[PDB]
Every structure is written in structure tokens, then in C-alpha cells.
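Down below is the structure, laid out as C-alpha cells.
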Amino acid sequence: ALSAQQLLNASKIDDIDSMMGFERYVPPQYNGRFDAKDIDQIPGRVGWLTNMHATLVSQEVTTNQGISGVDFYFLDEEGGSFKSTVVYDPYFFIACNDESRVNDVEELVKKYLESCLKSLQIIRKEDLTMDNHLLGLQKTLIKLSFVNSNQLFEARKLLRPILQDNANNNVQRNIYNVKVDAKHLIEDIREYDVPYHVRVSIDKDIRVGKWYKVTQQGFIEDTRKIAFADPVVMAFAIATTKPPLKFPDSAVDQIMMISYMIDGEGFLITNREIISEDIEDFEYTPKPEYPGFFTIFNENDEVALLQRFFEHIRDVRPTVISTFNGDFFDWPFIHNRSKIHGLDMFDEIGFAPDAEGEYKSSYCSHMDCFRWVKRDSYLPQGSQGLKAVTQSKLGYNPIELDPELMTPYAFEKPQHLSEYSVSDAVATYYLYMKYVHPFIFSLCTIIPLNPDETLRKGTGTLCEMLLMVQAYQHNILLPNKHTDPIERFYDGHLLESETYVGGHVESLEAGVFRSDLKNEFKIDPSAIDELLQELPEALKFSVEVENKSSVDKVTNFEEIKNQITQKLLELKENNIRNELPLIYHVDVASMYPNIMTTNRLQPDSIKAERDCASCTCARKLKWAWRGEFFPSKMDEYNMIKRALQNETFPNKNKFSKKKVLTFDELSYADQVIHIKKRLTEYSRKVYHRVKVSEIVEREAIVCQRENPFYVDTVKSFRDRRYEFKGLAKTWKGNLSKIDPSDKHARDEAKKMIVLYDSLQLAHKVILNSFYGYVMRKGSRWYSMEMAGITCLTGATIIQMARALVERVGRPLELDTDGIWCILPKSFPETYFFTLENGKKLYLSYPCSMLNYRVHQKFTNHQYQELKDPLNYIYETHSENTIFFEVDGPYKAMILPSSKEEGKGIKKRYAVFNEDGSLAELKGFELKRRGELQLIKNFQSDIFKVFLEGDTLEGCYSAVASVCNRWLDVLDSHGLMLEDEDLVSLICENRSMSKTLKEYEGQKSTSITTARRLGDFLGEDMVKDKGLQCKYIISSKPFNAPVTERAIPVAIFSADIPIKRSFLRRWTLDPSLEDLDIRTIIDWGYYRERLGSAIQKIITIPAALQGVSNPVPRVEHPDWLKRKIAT
DNA sequence: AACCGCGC
DNA sequence: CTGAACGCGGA
Ligand SMILES: Nc1ncnc2c1ncn2[C@H]1C[C@H](O)[C@@H](COP(=O)(O)OP(=O)(O)OP(=O)(O)O)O1
Ligand SMILES: [Cl-]
Ligand SMILES: [Cl-]
Ligand SMILES: [Mg+2]
Ligand SMILES: [Zn+2]
């Protein structure tokens, strides 16, 4: 029935595909031996696999219904392309609670599912919840196969009610009786929701990005070919008209240009109803690497521009089309204008919106670079615009044009608009080719998804897909998706939430620290004595564990060891010192993954007294659980329920004629939501607050012999990441090694650094998601304990490192697995052991001294591993892959202080390299999206000025002067400033993550700005999420809270009568005549925001370093004034 | 004082 | 259709 309609869609997709160069190839019959080694004899066709999609195909011993399979899209060795199809029966499993009667379940379902089922068979998989699975005992399952996905789904609909009824109702008849019936032996269904395209990719072991010979026997991987083929790649950007101060609307606005690149050649299509002259061919090439020669197609009108776009696409047959935010802007705009002119985009080029509203084709991936930017670039959201991505990643400054000017320029400056247009397409193309393409296509060679999907899935889902492969290949039955309990209780209280204590963070010092200014150190001599004692084993560890060598082959072991001993002896004698610091950072390499692999942590290894039989074997580890719960007691929970049972509720389901519901008729979940809300208020009143928070120390057993498929998946991804982390580092060394002796065109090395950095960090987030995965909603491998255990072990490790550094130096800031500190310049630093072959091994003593201790204290001596699987013989050993590494030493580090007494600021600092360049800027407003622009421009001026002066006081003086420049701008009420520049500086921009409707009963500057934009510029302004609310704070109304005084800066570009009516409303001043921004602004508000910044970054830290207020126009808070009396 | 949205 | 900790300024 629906079968026959899906067959019609397939057949339409087949026509699109043949038009774009993908005819279905069916390889020749070959009765011989499907053999993989003589691949070159066997009949068939070799191809680079570039895409795949589920489909439904006809026969050409079933009926008049379609067969599920997957179309795979290939590029051939000869410059052509084709597709070929694999068919496979979808399947899922039934599990039983009584093995002895598996035959009765089988007989029952053969019949119960007669209308949908293709076949059935008894199979066995490893079940990691089952006793004696480690001695080879397997779980027996019924595998149910189907002709297609529709039939699979009917099986699920027939079976779900049985499983419901089984868990839901007690059927008593003869109370004096209870040969049980078949239904109740079905305990569950398993692997029932694995998406079909994935199921095929996993079971057949096929991946996009690899080369296959297609044969009658199936796809044969060509392991000899690894280099990718070269798809035809197109990138495009559109430019549209729009009204002043509003957003483009595709119902009325028109497309004026489409710029694009195809394999490095530019095209610009122009709409001459709008663009007021024929644009000529021109070059925009921002680096020799990025050529852009553009050819022009001046079309008479909009429809022609569209027809020219589609026809060109049909001409070149791109198999990647890339955009920047094309799923949300470009594509839908193109689709809606196409429809207005009676064109069918799907018929013209095979693109349509999918169920997510995203634009997809069969034959061509839509690689929206913005998705890679948000997921994988590691850029702050403040730098995720094309402009900022272009500077960061391609290393040049693209053309910029104010959005308000694009429509007018069509008429007035059509050449300038076209230069902007083509700049977009250039940035987009090369961003795609250099960053997105290699990453996504390479990820596809290991993740069982197509490029579109691989670009867009969450990193947690990516992890899931990796783990599923590993589980499937080791024959491990997948757990079903976890579902959170609707309500949990602790000590009779309902929990609002529960979690575990995470990373450990500390602010220890504020101030300016610089390699040419001296600091006071107080060395604990008993620390030096421990170091001296450990020294022989610590250097041996460096040689043999950190460098994988043997002291045996070391020439100068004793020399190095004397040299260190002397520096330490000196520190021990003369332990009160005043000298120049070494500014170091030490940080554990991939911290949580290594804690996990060291301790053999994975969800299936967490045993709760059952049932390793028995769980030497058990490794007990601590975590810290933290609950937040209502004060109310059970008895008062029960009270609130019956008060809700007297109430009426609206039917949320819109499909139904019934719109009043009793409490009992709502689902468990919704019942609880209402309970929670009523319990919030009852608690305040009686108690008197919402949450009570409590931390409880806990313990869990981690079995050291459990099947290690999960942790092995993490180790393997970790090694994949280290390769790129290593390359990043190797290139950094070369650019300083000898390759930095100007002049050179390396340049290439710097390009390398940026690339491998991006690649090791794109790997970092997926790697770390293997940790987060165990807490994800719907995780197949859920374990709060595993996650808790990981974090507490890391907190203990990093406090141990802090306790040492603090005895020999001064730690400044600490976060999770990293410590910024200063050490005396006399502290022993870097050496190189000489090998017999003459080679040298690097030693950073600050790092090795910590790592030696980490290995004494945090090694897992209980790690087991199958040494002989046929016999199940285990071997035990000692594991530890946790290592600090060192970066630095640096020229300076500047840490801010809080406005509150005795409190620091975590997660904000600035660090500078020896060469004077900025090495790190963390957390500050400058980096964050949105934020008051004046504060960003301030911070952007001040940090580098900490490198000036010869004394600490001179350094604070140089920065005072910049503070006084900025204070003059505000004391002068902006007068010394252009009016455009003023609006720009005073503006605060904040994203609303949802739409204005969903914020009801909340207040904030964004909400008020959005509402007023709505009233003034129309409801279209606020129908979408992600609105940028740009506003200023007004002096009036006096006595109103700040959120009532956000004015959208857009109002200052409205016609004068409009502006007037609104500023009057918004300030509650009927008779206002003065409309100058300068009289509207609340200067005291801005002076207080700037004052704050000056306190945290400059004056209060100055005070803590015993420097007297270098910026007197900003007064210390009282506590600090008071502090300074004697 | 305790909460909320956004952004290692 | 990954996690927790934190800074800021808004009863
Ligand atoms: N995105 C994340 N998701 C979950 N956990 C994270 C994430 N980012 C950081 N963490 C946790 C796990 C990390 O191991 C730990 C330390 O972070 P960090 O030192 O930045 O990275 P790392 O130790 O994993 O890599 P690196 O090798 O570069 O130091 O904090
Ligand atoms: Cl971030
Ligand atoms: Cl975020
Ligand atoms: Mg780290
Ligand atoms: Zn065990």
C-alpha cells in the first residue's frame, strides 16, 4: 500500500540520478570463487564510494511489494560515475526469559506476525549483563527478518502491546492455580531501532571514502587504493534584497546575485532587474593559494538567474555542494523564489527539504560549512561568522559590507556589491576544500554514515556509531537506549536533579607575571629533599617510560643527574629567594580518556554486587554524587498529589475533540511536571527554599576482566588523535628549529600548524564525548558511576600536582588537569640525555618529576587481559597512561581579580609568547559572542600594554594611561566621538536562543529589546530563534530596573516621526523633543560597567601585588580600602 | 542569597 | 534528536 508509493519516489530518484550521471550498474554474473586476493581477475567495476542512501527496489519468492536495500554512489577511475545497489533483509531480535521454551515463543510469533514476517531463526550473541558470559556462555535470541522496513515497523506495532500488557497488568483468573502461555516468555525486543542504512553499512562493512570493486558477490574493498578520488565540488552564496532594518523575506524579496565556485573556477550570476550594470569578468584572489577568476552571467531577471543556476548545476554534475548556513538561508530562499516563478527545484536539480527542514539530494552531498564550524572548529561562538572563520582558518581578511548597504549598492555601486558577493563564494569554497572536506570524508572511512549525516550528527552520536561497530564485530548484543527515571527520591525527598562532582578548578593568584620581573619565592626545603630522594628513579622513568629507552644506552645519565642535584641543593640552602620566574603550563595529555583506559573504565564493567561470580578481580573506585532535592517530605509529596487530583488540565494532543482531562489521565511524565511546580511553591513557604544540595561519597566496583570493547574503542580513537597532536607539535618545532630565519615562504609551516591544530582539536571533542556519552540521554551504555569515577580520580590527580608545585614555586590558576604556575629561574628545567647512537632524548624536569609521582600513585596494578581466548586464560598487569606535558616558558601571564574580598576569578587570563604575540586569551568578554562592545574594545587595547615598563609599577602605569583614555570617553559623554562610532561602541548584542514567545514570565535586556523590535518593526522580526538583540540602556524612566530600559539601537535609524513616537513610549516622556542618542544614554550605567572591568583587570590586582591604585578615578571597594590600614 | 540564560 | 564548572549581570 505505502510500499507502492515509496517505489514511486525511488523511481523518481533513479531518474534524477541518471540525469546527473549515476546509472545503476549491475556487475556481470560470475560463478567462480568470491575471493578477495585476485581482485583484478573478477568481473565488476572499481569505484571510490562517495555517498549512500536507503531505498526500495522491486523484484524487477515474495509478492507485489518492494525490497529494502541501499544505493551506493561511486566515482570511477576514468572520470565517470555510477551507482550500484545492495539488498539486505532488515531484522531485529526477541529475547526470552525462559530458554527451555524458546521453541514455544518461536511458534507463537511465526503465527502472530504471519502478515509481516519474512523468516526467523535462533541465534546467539554475547550479553555483557549475563552471568558467565566470560566463560563463553551466550544469550539465545530469536532473529526476525523482514522484506523491508515497513514490514519491520508492523512487527514492532504488533509486539509493543504484548510487552506493555506483560509489564502492566496482572491477569488473575483461578486464584487457586497459579502451564504458562507464550506471550509472557517474551521479555523484550533488541536492536529494533538501528537505522537501516547504518545496519547495512555495519553488517556489510562498507564505508564512504574507501574504494571497492563491485561484483556479483558484493563489494570488495581495495586495500591497495587509499587516496581519495576527486569529486566535482561546487560552493555557492546568494545575495538578496531586503527592506531597511528588517530581515530578507522570500515572499517578496528577490535574489540579486549568486556567486559560486566549481573546482576552483568562479561564476557570478547577476539579476539585471536589480543590478544596475552588466558586471564584467574579474579576479579576486586573496592569496596565491586561493585563485578566484570569476566569469559573469548577466541575466535579465530573477527567473533567468535561477534557470541559469540550475542549468549550470546540471551541466557539471557536482557531487558536493557546499554553503555557509545554506540550510537555513540560501537554500530555502532559492526554493521559495523557484516556486513563486513556477519552477520545480526538485525536477530541476534533485534537491528538496527533508524531514528536518534541511536541503538534501540523492546524488550530491550538501556540506554546510556552518555545521562543521559549530561542531568541529573549536572556535568560540563570537568567532563563528564567515568573516571571523575566514581570518582564523584561511589567514586573510575578506571583503566586508554592511547588510543595510547591499540593496542600495545594487543600484549605486554594483561593482562593490559583486566583489563582496564573490568574496563569500571564495571563502566558502576554500574553507570547504581545506577544512571540511578532508575531515568529513576521512571520518566517513570509519563511521558508518554518509557525508551529509557525518557532518551533522552530534559528537555523542558519532561515538555511539563507533561503539556499535565494535560491539557488532565482537558479536555483542547491543543494549537498548536508556531512559531516565521520571522521578527519583533520596531520604524520602523528591530529587529535582542528580549529578556528580566534576572537574576541579582553583584561582590562587591574581596579578601581572613577567619573565623580566622578579617574584618572591618561599621554597619548602622538605619538598626539595623528597625530589632529591626520588631523583634516581624519576630520571630512569623519564628514559624508560616517557622516552621508551634504556638507561643502558644513555651516555650522560650521571652528568644530567649531578646538574639537577646541584640546582636543587642550591634551592634547599637558599630557599627564600627573589628572582625572575619561569611561567609554565602543565596539562595532562587527553586526561579523561587516559584515566578511563588506565582504570579500564567502561559502563559494562561497573558491577553492583552482580555478577562476575565473584567480583581478586574487583577494582573499587570512588565518586562523589550530588543531589538537589525539595525540602518537602513524602507525606507532603502525597498531599500535593491529591490536591492536583481535584484539578482540571488541558488536553495537549491537538488531534482530539476532548480538551479537559483529569490528573489521572495525564501521562506519568506530565503528572510529575505539575507535581514539581507545586512542590517548588510549597517548599519556599514552609522551609524556605527550592533545592537542598548534598554531596555523598560513593564507591563502585570496576571489574578488571570484562569484555573490553568500549575502552578499546576509546584507546584506538585516542591514538588516532595523538598522531595529529604529534604532527601539530613537530611542525611548531621546525618553524623555530632553523626554519624561522627570515626570509622564507614558511608560511607553509604556519599553514601546517593551523591545519594539524584544527585536526587534533576536531578529534579532541569526539574523543571526550566517549566520556560524556555515558551520561547522554538515550545512551546505549549509560553509567553515572563511570563518569563520576573519572572526574574524582582526575580531581585527586590534579590536587596532588598542585600540592607539589606550591612547595617549589607558585601556582597561579588550575583547571581540571592543568596548572599555570611560576617557578624560580634557578629551578632545574630542560636537558637532553645522549644515546650511544648519538641521538638525544628530551627531558623537562618539572614535568617528569610530576609524572614519576603520578605513576607511583595512580597506576592500576589490577588490569587484566585475555592472553589466550580459546582457554580463557587471563594475564594481570600494571597500566598507566596518564602524563603531564609542558608548554612554555612564557613572557607573561595576567590574571584578574574579583570585586569581592579574598575571591579570585577562574577561567580568565591572558598569556603572551616571548616574541610579544598573544598566546592565549581565555574567557573574557572580548572573546564571547555578544557582550558590551565598549568592554571588548577596552580589553582589546589593554592586555598587550602589560608588556610595557621596566618595573611592576611602570607596567601598571602604562596600562593606567589606557584606562584613563577610555574613562575620558565616558566622562566626556562621548562627545569626542563620531555618531556612528558612538552607537557601535555603546551597543550590547545578545542572542536569544529561542523565540520571544517561549520566554514568557521572564525578564532580561534581550527579551525587552526583542519585544520592542517587534512593536516597532513588525512581528516578522521575532518569529525565528537566534535573534541578535542590539540595544542601549536609557537613563529614563528614572527608577525603572535595567531590563525596562533596553532600547533597540535600530530605532536610531528610523524616520524621525517613528523614532519620536517610540523613544517617548520607551522613556515615558510624552513631551520629549531631543532625540540624540547622547541624551538618551545612561552614562552612569556605562561608567559603572567600565569601572568594574578596570577593577578586576587593573586596580585590584595592582593592590594585591602591593601597588597603589594606578587608576585613581576608579575607587577601590571599601573592604579593600579597609584592608590597607596598619 | 539563591536562581537563571548564555557562552575544562 | 557528550559531560560539569564557572563569570556576569540580571525572596
Ligand atoms: N568537550 C568536552 N566534553 C567532555 N569533557 C571535556 C571536554 N573538554 C574537556 N573535557 C574534560 C575531559 C578532558 O580530558 C579534561 C581536560 O581538558 P583538556 O586538558 O582541555 O583536554 P584533554 O586533556 O582531553 O586534551 P589535551 O591532550 O589537549 O590536554 O576536561
Ligand atoms: Cl566554547
Ligand atoms: Cl555553547
Ligand atoms: Mg589535558
Ligand atoms: Zn570481575
Side-chain angles (χ1 to χ4, degrees), chain A residues 195 355-356 375 378-384 456-464 467 481 496-497 499-507 587-588 591-592 624 626 628 680-681 684-685 687-693 764-779 781-784 786-788 790-792 794-795 798 813-819 896 898-900 903-908 922-925 927-932 935 988-994 998-999 1001-1008 1026 1029 1033 1041-1046 1085 1088-1089 1092-1093 1096:
Chain A
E356 278 71 50
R375 201 194 60 199
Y378 219 75
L379 291 159
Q381 290 186 140
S383 302
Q384 287 182 11
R456 287 171 179 83
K457 292 306 178 186
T459 64
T461 303
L462 296 183
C463 292
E464 193 174 276
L467 294 155
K481 292 191 221 273
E496 188 255 349
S497 69
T499 185
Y500 46 89
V501 177
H504 190 73
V505 193
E506 300 177 29
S507 185
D587 189 299
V588 182
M591 197 214 212
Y592 290 12
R626 187 173 71 230
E628 272 145 43
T680 57
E681 60 207 42
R684 191 107 47 181
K685 235 175 257 157
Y687 277 112
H688 319 245
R689 83 278 211 79
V690 180
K691 270 157 54 233
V692 181
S693 170
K764 169 175 188 190
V765 173
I766 293 166
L767 181 60
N768 283 332
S769 299
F770 285 104
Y771 148 71
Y773 182 76
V774 311
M775 284 292 278
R776 176 182 165 286
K777 297 191 280 288
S779 173
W781 289 294
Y782 183 90
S783 182
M784 180 181 291
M786 194 216 81
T790 305
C791 298
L792 184 52
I798 201 57
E813 199 272 357
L814 168 165
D815 193 331
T816 308
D817 86 331
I819 298 173
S898 148
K899 298 160 78 181
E900 309 192 27
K903 200 196 218 221
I905 294 296
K906 294 156 181 166
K907 302 178 179 283
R908 308 203 156 190
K922 312 301 203 169
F924 285 114
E925 287 84 350
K927 182 164 189 181
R928 299 177 50 85
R929 184 169 61 196
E931 304 293 336
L932 177 47
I935 293 301
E988 182 158 355
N989 180 356
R990 301 279 209 82
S991 297
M992 277 204 315
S993 71
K994 307 175 277 171
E998 311 168 56
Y999 282 97
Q1002 296 206 324
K1003 315 186 186 156
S1004 73
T1005 47
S1006 294
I1007 289 163
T1008 295
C1029 299
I1033 302 303
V1042 169
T1043 58
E1044 290 175 22
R1045 297 185 283 118
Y1085 176 88
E1088 168 186 28
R1089 305 276 313 271
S1092 271
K1096 294 185 294 187

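Here is how names work: the chains are called A, B, and so on, in the same order as the sequence lines, proteins then strands, and each is numbered from 1.
- When rounded to the nearest whole Å, the span between CG of A:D817 and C1' of C:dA4 equals 14 Å.
- Contact annotation for A:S1006: no contact, since no heavy-atom pair falls under 4.0 Å across all strands.
- Taking atom CD1 on A:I798 and atom P on C:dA5, their separation rounds to 16 Å, with Å as the unit.
- Among the protein residues, A:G772 comes within range of the nucleic acid bases, having at least one heavy atom under 4.0 Å from a base atom.
- Separating the NZ atom of A:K777 from the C1' atom of C:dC1 is a distance of 9 Å, rounded to the nearest angstrom.
- Summarising the geometry of A:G818 relative to A:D587, their closest heavy-atom pair is CA-OD2, 3.9 Å, with the distance given to 0.1 Å.
- Between A:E628 atom CD and B:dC4 atom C1' the separation is 14 Å, expressed in whole Å.
- Under the 3.5 Å distance criterion, the side-chain polar atoms of A:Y999 are matched with a main-chain donor or acceptor of A:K994.
- B:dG7 atom P lies 5 Å from atom CD of A:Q381, rounded to whole Å.
- At C:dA4, none of the side-chain N or O atoms of A:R776 fall inside 4.0 Å of OP1 or OP2 (strictly under the cut-off).
- Within 4.0 Å of A:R626, counting heavy atoms only, lie sugar-phosphate atoms of the nucleic acid but no base atom.
- For the pair A:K922 NZ and B:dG7 P, the computed distance is 19 Å after rounding to whole Å.
- Residues satisfying the side-chain contact (heavy atoms from CB on, under 4.5 Å) test with A:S1004, not counting sequence neighbours, are A:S1006, A:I1007.
- Closest to the A:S991 side chain, of the nucleotides B:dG7, C:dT2, B:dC4, is B:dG7.
- Remark: A:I905 engages A:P896, A:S898, A:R908 in a side-chain contact (heavy atoms from CB on, under 4.5 Å) (not counting sequence neighbours).
- What separates CD of A:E464 from P of C:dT2 is a distance of 9 Å, to the nearest Å.
- No engagement by A:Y592 is indicated, since no non-hydrogen atom pair under 4.0 Å with the nucleic acid exists.
- At a threshold of 4.0 angstrom between heavy atoms, the contacts of A:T461 are confined to the sugar-phosphate backbone, with no base atom among them.
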Scoring nucleotides 6-11 of chain C by protein non-hydrogen atoms under 4.0 Å (B base, S sugar-phosphate only, - none) yields SBSSSS
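- By the side-chain contact (heavy atoms from CB on, under 4.5 Å) test, A:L932 is found to be paired with A:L934, A:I935, A:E988, A:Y1086, A:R1089, residues two or more places apart in sequence or in another chain being considered.
- Using a 4.0 Å heavy-atom criterion, one finds that A:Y999 contacts the sugar-phosphate atoms exclusively.
- Side-chain proximity of A:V501 to C:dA5, C:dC1, C:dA4: nearest is C:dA5.
- The side-chain contact (heavy atoms from CB on, under 4.5 Å) check on A:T1043 picks up A:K1003, A:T1005, A:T1008, with sequence neighbours excluded.
- Distance A:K691 NZ to B:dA1 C1': 11 Å, rounded to the nearest Å.
- Residues passing the salt bridge (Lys or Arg N to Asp or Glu O under 4.0 Å) test with A:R626 are A:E628, sequence neighbours excluded.
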Would A:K927 and A:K922 count as a side chain to side chain contact (heavy atoms under 4.5 Å, CB included) if you check the C-alpha gap in whole Å, the side-chain angles of each, and the deciding distance to 0.1 Å?
CA-CA 8 Å; A:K927 182 164 189 181; A:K922 312 301 203 169; 4.2 Å; yes
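- The residue A:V690 sits apart from the nucleic acid: no heavy atom pair falls under 4.0 Å.
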